[PDB]
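Side chains are part of it too, since the values below use all heavy atoms of this structure and drop only hydrogens, waters and symmetry mates. For reference, positions follow the sequence shown, starting with 1.
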Amino acid sequence: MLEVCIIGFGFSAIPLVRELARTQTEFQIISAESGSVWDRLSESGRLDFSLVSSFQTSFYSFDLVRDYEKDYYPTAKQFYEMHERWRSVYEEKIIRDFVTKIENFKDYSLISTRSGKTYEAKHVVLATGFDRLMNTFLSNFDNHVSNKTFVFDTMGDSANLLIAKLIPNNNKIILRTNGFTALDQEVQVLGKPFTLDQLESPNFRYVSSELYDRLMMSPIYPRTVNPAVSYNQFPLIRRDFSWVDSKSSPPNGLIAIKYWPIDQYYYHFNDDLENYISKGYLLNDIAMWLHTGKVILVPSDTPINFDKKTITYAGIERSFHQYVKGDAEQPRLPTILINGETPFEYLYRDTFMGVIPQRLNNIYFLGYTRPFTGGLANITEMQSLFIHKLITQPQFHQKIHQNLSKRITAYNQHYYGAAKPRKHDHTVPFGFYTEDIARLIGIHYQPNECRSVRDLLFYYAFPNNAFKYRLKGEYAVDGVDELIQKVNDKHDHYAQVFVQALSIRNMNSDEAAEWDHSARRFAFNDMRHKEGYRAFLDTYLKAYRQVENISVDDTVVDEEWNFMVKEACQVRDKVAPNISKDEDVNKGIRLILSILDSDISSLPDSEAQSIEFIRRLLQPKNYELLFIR
Ligand SMILES: Cc1cc2nc3c(=O)[nH]c(=O)nc-3n(C[C@H](O)[C@H](O)[C@H](O)COP(=O)(O)OP(=O)(O)OC[C@H]3O[C@@H](n4cnc5c(N)ncnc54)[C@H](O)[C@@H]3O)c2cc1C
Ligand SMILES: N[C@@H](Cc1c[nH]c2ccccc12)C(=O)O
């Protein structure tokens with residue numbers, strides 16, 4: 001009897017396949033001849049974009065230990081080539097066929113295929129990915145459509161890539177949405193670049209939910225009255241957050257587009273701009289788009305005619321070339337039959353950690369949990385370890401399955417509370433999920449085992465990426481010590497992130513909000529850092545048209561759109577003319593780096609109380625997680 005069948009092989013499955021080879025577990029892969037969306041995009045030369053996620057969170061530990069030099073954003077091309085390098089290693093273990101039905105019995109599944117060949121496997125893993133409506137727009141993108149108007153009913157990472165590709169062909173963008181959360185993917189800390197996943201310090205949740213809330217939520221909830229923040233200048237961007245019924249912030253189910261702010265874009269790319277664009281580094285600055293009027297927010301229920309294909313905003317009858325219905329993603333699950341009879345219904349919440357479903361035996365899901373920030377790599381690596389342990393270690397299998405139903409109830413209560421299932425429940429802050437999986441496995445770190453201040457910074461401020469949990473113990477990867485070392489030396493041991501928590505431990509919700517925005521350049525959606533870059537923008541648009549071999553006439557003005565922008569930017573034209581963290585962080589960082597190697601338990605009683613609080617980090621009081629204990 002075949003021990004393991006993996007169905008679907010692209011990216012999600014790589015770390016699990018590796019672990020099965022290490023323990024010489026009998027496995028077969030079954031994967032479609034047609035391949036993935038990256039194959040569609042490759043064949044037709046449309047791999048001319050970059051990832052919305054850092055190298056550090058988007059590539060697996062066993063590649064990072066070889067190829068990590070510096071923080072950066074990898075190209076679509078690089079991400080694809082790394083898929084195709086790992087496919088080549090494992091191609092011999094891959095059967096090219098499509099699975100159409102799984103019949104699940106007590107201790108085995110019967111797998112049917114399109115060819116007619118059937119397979120018996122004790123353990124079955126789905127890593128088949130998602131069907132995506134928006135894929136057609138990207139794969140079959142026409143770059144001649146010019147001076148046309150587009151309406152989008154949802155803002156996600158796909159719409160933003162499309163918007164980034166349209167704007168330089170002088171196409172006009174209207175967002176008919178009920179708000180969206182956008183966040184600068186890159187951020188300055190005292191004039192040094194940090195990708196946003198570097199600054200989440202997730203284990204501070206263990207001190208208290210309240211303190212973690214103040215650490216993260218002011219850029220997302222409209223908590224500052226600072227006129228400089230996008231959600232004050234352009235209030236239509238704000239969302240309805242009355243669904244959130246969890247104390248865990250940021251909440252499961254919240255999505256975010258990550259984008260280049262133009263200042264960060266400039267710093268990296270201004271010096272070889274045409275070459276960088278051609279590699280796939282595209283300016284996708286949605287807040288620069290609203291500021292310049294090249295995108296406009298309009299209310300959710302604005303008048304449109306679907307037959308006449310027209311928008312009417314204030315009083316101009318705008319003919320719209322295309323309406324784009326937003327990205328809805330649904331798992332590519334084949335029919336699964338319970339006791340080889342009853343069709344199985346997929347619901348993220350009715351599975352444990354997005355991986356173990358109920359009423360099925362020895363079936364696991366790999367690649368169906370979405371990270372809020374950073375790459376999928378973080379989630380699928382830790383899931384691969386969870387799945388590998390369940391398949392190979394019956395003790396572990398028994399421990400998890402014994403009370404599966406209760407664990408799932410306890411997880412749902414902590415992360416979703418009494419909220420009705422939503423289509424985005426599958427989205428999780430990465431540094432909670434990876435940490436959650438690591439405690440179920442037992443490759444987690446113990447806060448009480450911190451000896452020095454250096455140790456506290458690794459436990460609390462060092463990002464909760466999958467490789468952090470592969471330094472030592474059951475899933476150790478050779479070279480992780482040298483990686484953690486390199487990362488720490490480049491980021492000042494994440495002291496700047498640790499000092500933020502120091503500074504706001506005595507503040508309330510409103511106070512932290514005002515403090516978050518007291519900076520020269522606050523982290524996200526700082527509209528003071530846009531006007532200065534109008535000249536560069538026009539250099540960029542010209543550079544894009546030179547790469548994409550396109551020529552529109554800029555000397556022809558669409559006076560009607562100029563008119564629709566004014567109506568839109570009404571609050572901005574009121575709020576903008578009404579236009580400390582830097583000092584606190586600066587003083588804080590120098591304090592921490594002076595006592596790096598000082599013993600915690602040693603540190604004296606009666607700076608000031610910043611000591612009492614650093615000693616309690618040995619005994620955090622929100623450490624309980626009922627789905628694990
Ligand atoms: C436009 C776009 C941009 C993205 N950008 C990023 C990014 O910047 N950072 C990031 O971290 N993530 C990103 N992602 C997400 C993620 O990297 C991709 O979705 C990734 O391809 C998912 O990996 P997977 O292995 O789960 O799925 P896939 O790559 O789709 O692999 C699944 C494979 O299984 C096959 N298959 C499906 N059903 C069956 C079946 N029944 N039988 C047999 N074979 C089957 C498919 O043909 C496919 O080859 C992006 C996704 C998209 C669409
Ligand atoms: N803690 C950092 C970074 C940060 C805040 N909220 C975030 C949300 C997502 C990612 C990063 C962050 C800050 O307050 O500035």
Side-chain angles (χ1 to χ4, degrees), residues 37 40 46 130-182 234-240 242-243 253 255-257 259 284 286-287 289-290 292-332 420-424 550 552 556-572:
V37 48
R40 300 285 68 72
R46 295 203 206 271
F130 281 108
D131 272 314
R132 275 167 184 113
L133 318 172
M134 292 296 302
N135 272 20
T136 58
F137 286 97
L138 254 309
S139 62
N140 314 286
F141 174 76
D142 188 9
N143 68 304
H144 275 284
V145 57
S146 51
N147 270 256
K148 271 86 174 103
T149 309
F150 297 68
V151 168
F152 297 70
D153 89 323
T154 301
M155 196 60 201
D157 291 279
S158 219
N160 203 223
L161 172 56
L162 203 58
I163 286 165
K165 268 177 149 83
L166 290 163
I167 265 148
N169 329 323
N170 284 109
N171 294 288
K172 262 42 111 154
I173 312 299
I174 299 173
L175 308 177
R176 187 169 183 274
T177 78
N178 52 356
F180 58 89
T181 307
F234 293 101
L236 245 15
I237 230 170
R238 299 168 178 196
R239 284 201 141 293
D240 179 5
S242 87
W243 59 263
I255 67 161
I257 82 171
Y259 70 87
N284 60 0
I286 184 51
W289 298 158
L290 296 164
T292 56
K294 297 185 193 269
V295 168
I296 76 179
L297 302 186
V298 312
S300 95
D301 46 40
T302 308
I304 34 70
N305 194 329
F306 273 115
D307 212 335
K308 300 274 281 214
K309 290 190 80 195
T310 55
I311 244 293
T312 221
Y313 190 52
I316 151 82
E317 191 186 8
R318 198 63 186 180
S319 57
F320 79 70
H321 183 253
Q322 190 142 16
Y323 186 63
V324 189
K325 257 208 214 305
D327 42 26
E329 55 170 348
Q330 85 105 11
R332 289 195 282 254
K420 194 106 173 236
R422 299 173 72 256
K423 85 208 81 173
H424 291 316
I550 142 178
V552 300
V556 42
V557 340
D558 167 343
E559 54 161 286
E560 316 195 88
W561 182 245
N562 290 338
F563 289 117
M564 316 186 71
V565 171
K566 247 61 68 220
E567 172 82 6
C569 312
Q570 267 185 164
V571 172
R572 180 268 297 268

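Checked against side-chain hydrogen bond (donor to acceptor under 3.5 Å, both in side chains), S242 has the following partners two or more places apart in sequence or in another chain: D240. For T312, the side-chain contact (heavy atoms from CB on, under 4.5 Å) test picks out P303, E317, with sequence neighbours left out. Residues passing the side-chain contact (heavy atoms from CB on, under 4.5 Å) test with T292, sequence neighbours excluded: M288, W289, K294, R534, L537. Applying the side-chain contact (heavy atoms from CB on, under 4.5 Å) criterion to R238, with sequence neighbours excluded, gives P222, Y231, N232, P235.
The environment of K309 atom NZ is dense: over 12 non-hydrogen atoms of other residues, nucleotides or ligands sit within 6.0 angstrom. By the neighbour-count criterion of 12 heavy atoms within 6.0 Å, atom CD of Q570 is densely surrounded, having more than that number from other residues, nucleotides or ligands. With a 6.0 Å radius and a threshold of 12 heavy atoms from other residues, nucleotides or ligands, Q322 has its CD atom above the threshold.
Side-chain contact check for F152 versus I163: some heavy-atom pair is nearer than 4.5 Å. Residues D131 and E329 form no side-chain contact, since every pair of their non-hydrogen atoms from C-beta on lies 4.5 Å or further apart.
To the nearest 0.5 Å, atom CD1 of residue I316 and atom CG of residue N562 are 11.5 Å apart. Distance CD1/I173 to CG/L290: 11.5 Å, rounded to 0.5 Å. For the atom pair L175 CG and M155 CE, the distance stands at 6.0 Å (nearest 0.5 Å). Here the OG1-CG distance, from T302 to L236, works out to 7.5 Å after rounding to the nearest 0.5 Å. Between the CD1 atom of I255 and the CG atom of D157 there is a distance of 7.5 Å, given to the nearest 0.5 Å. Rounded to the nearest 0.5 angstrom, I257 CD1 and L161 CG are separated by 11.0 Å.
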Verdict with supporting geometry, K172 and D558, side chain to side chain contact (heavy atoms under 4.5 Å, CB included):
CA-CA 10 Å; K172 262 42 111 154; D558 167 343; 3.5 Å; yes

Decide side chain to side chain contact (heavy atoms under 4.5 Å, CB included) for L166 and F141; before the verdict, give the C-alpha distance in whole Å, the side-chain angles of both, and the deciding distance to 0.1 Å.
CA-CA 10 Å; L166 290 163; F141 174 76; 4.1 Å; yes

Let's go through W561 and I174 carefully: what are the C-alpha distance in whole Å and the side-chain angles of both, what is the deciding distance for side chain to side chain contact (heavy atoms under 4.5 Å, CB included) to 0.1 Å, and is it a yes or a no?
CA-CA 10 Å; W561 182 245; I174 299 173; 3.6 Å; yes

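A donor-acceptor pair under 3.5 Å links the side-chain atoms of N171 to the main chain of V145, judged by distance alone. Of the possible donor and acceptor atoms, none in the side chain of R176 sits under 3.5 Å from a partner among the backbone N and O of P299.
For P168 against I550, the heavy-atom pair with the smallest separation is O-CD1, 4.2 Å. In terms of heavy-atom proximity, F130 sits nearest to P331 at CD2-N, 3.4 Å. Taking each heavy atom of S158 and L138 in turn, the nearest pair found is OG-CD2, 3.5 Å. The shortest non-hydrogen separation linking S139 to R40 is CB-CB, 4.5 Å. Between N284 and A164, the closest heavy-atom pair is CB-CB, 3.8 Å. Of all heavy-atom pairs spanning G253 and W243, the tightest one is C-CH2, 3.7 Å.
Residue pairs meeting the ring-ring contact (aromatic ring centres under 6.0 Å, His included) criterion with at least one partner in residues 305-326, sequence neighbours excluded, are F306-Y323. Sorted by first and then second residue, the side-chain hydrogen bond (donor to acceptor under 3.5 Å, both in side chains) pairs involving residues 141-151 (not counting sequence neighbours) are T149-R318.
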